[PDB]
Structure formats: C-alpha cells, structure tokens
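What follows is a set of notes on a single structure, which appears directly below.
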Amino acid sequence: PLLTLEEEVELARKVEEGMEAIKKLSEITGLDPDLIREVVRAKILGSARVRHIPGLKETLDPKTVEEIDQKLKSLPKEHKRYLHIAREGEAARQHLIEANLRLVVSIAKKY
Amino acid sequence: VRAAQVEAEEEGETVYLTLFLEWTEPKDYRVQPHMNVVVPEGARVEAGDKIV
DNA sequence: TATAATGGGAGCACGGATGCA
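So the protein sequences, as listed, match chains A and B.
Under UniProt numbering, think of the first position of the first sequence as 92, with each following residue one higher.
Under UniProt numbering, think of the first position of the second sequence as 317, with each following residue one higher.
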C-alpha cells in the first residue's frame, strides 16, 4: 500500500537517523561503517540473503555477521541504542523502497 | 481533585479548613505530520523533558 | 541531485500424447 505524508516522513527519518546511528557505531567500535551497515542489513534481511560485497575488505559470511553482531551487542546500553536505531533504520529503508515501486513504473512507461 | 491532608480550626460557629490539594491540569498540543512523539502513553515527564 | 508526480498496452488440419472431468 502507498504511504501517507506522516508515514513517508517517518520512514525517511528512521533511515537518516539509522545512517547517523551507523556513523555513531563506527566512531564507537572503531570498525568500518560499510561493514557495520552490511551486518545490520544482513540481520534485517535475515537468513534468506548473505553475499560478499566488493567494497568490503573482508568476505561476508554468517560467521562474520555473527561475530560483528555479537561485537555490537556487547556495547553498553547507551551505545547499544544505536544498534536498534540502525536496525529499524534498515527496516524503514526496505519499506520505503517497497512503497515507491509504482512511481518507477509510471516513469518507465514513457520510455 | 483529591484532598490529601485536612487541617481544621474551630472558630465561633464555624470551622476553617486548610486543605492540601492534589489535582491535574490538562493541556493539549497539536502535532503536525512532520513531527514525531518521543514519549509513550502514560509516561511521567519533568520540566525540560522533550515531548514532541 | 529537490513543486509534485505512485499498476502497461497490444492484438487450417490432423495427428499423438497427456491431462482432466
């Protein structure tokens, strides 16, 4: 179903604050923002999809995603907040992309 | 409103009651579509705490 | 990279084999 103004702004907000949260976890943990983002995304998408990203310096496998996930969950509550923020951020991103798919069709029909 | 403590002073044919009263005064806040509520239902806030 | 825009458009004839009622 198509979003509303409040829903759109909500998802957008969660996405932006999610990316900010990823940057925060990068500042805290000292890891690569791309790696953290890909791990969070991996946990959001679930066991359905795991694949190596060309940009990452390390290969992406469930062992690694578990290591990094448990490495993120070992943080204190205030630092563990950004994890939840990032997760809900990725979820919001998925819902946001899935919501706008009609626009793409309406644009592509002219091409 | 509920009366917590009641002090009574006897004067002539009358009594003067000093009432310690506790009540709640409601105030509405209209929320626009571009704003989000950061507080849960029935939560206790304080002075300076952000609601919306 | 910034008004908002959110579901398409075209277009005969007989056989064996299997699928279904």
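Note that CB positions come from ideal geometry on N, CA and C, so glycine has one too.
Per-residue burial, residue i [other beta carbons within 10 Å of its own, 16 or more giving buried]
i         : result
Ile188(A) : exposed
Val131(A) : buried
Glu181(A) : buried
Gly109(A) : buried
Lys115(A) : buried
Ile159(A) : buried
Contact list for residue i against chain A, beta-carbon separation under 7 angstroms
i         : result
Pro349(B) : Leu96, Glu97, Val100
Rounded straight-line distance, which links the Cα of residue j to that of residue i
i         : j         : result
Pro92(A)  : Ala133(A) : 25 angstroms
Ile135(A) : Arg184(A) : 10 angstroms
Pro124(A) : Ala363(B) : 37 angstroms
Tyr173(A) : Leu337(B) : 43 angstroms
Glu107(A) : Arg318(B) : 47 angstroms
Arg140(A) : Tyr345(B) : 44 angstroms
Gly328(B) : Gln321(B) : 23 angstroms
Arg128(A) : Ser138(A) : 16 angstroms
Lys162(A) : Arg104(A) : 26 angstroms
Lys366(B) : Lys154(A) : 41 angstroms
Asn352(B) : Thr340(B) : 25 angstroms
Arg360(B) : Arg193(A) : 43 angstroms
Under 8 angstroms from the C-beta of residue i: neighbouring residues of chain B
i         : result
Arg104(A) : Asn352
Presumed contact (8 angstroms Cβ cut-off) between residue i and residue j, rounded CB distance
i         : j         : result
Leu96(A)  : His186(A) : The Cβ separation is near 15 angstroms, so there is no contact.
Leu147(A) : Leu166(A) : Going by Cβ atoms, the distance from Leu147(A) to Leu166(A) rounds to 21 angstroms, so no, they are not a contact pair.
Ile119(A) : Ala177(A) : At roughly 12 angstroms, the Cβ-Cβ gap does not stay under 8 angstroms, so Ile119(A) and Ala177(A) are not in contact.
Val331(B) : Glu325(B) : 7 angstroms
Bridge-paired residues (DSSP) for residue i
i         : result
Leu93(A)  : Answer is none; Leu93(A) lacks a bridge partner.
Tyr332(B) : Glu325(B)
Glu338(B) : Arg318(B)
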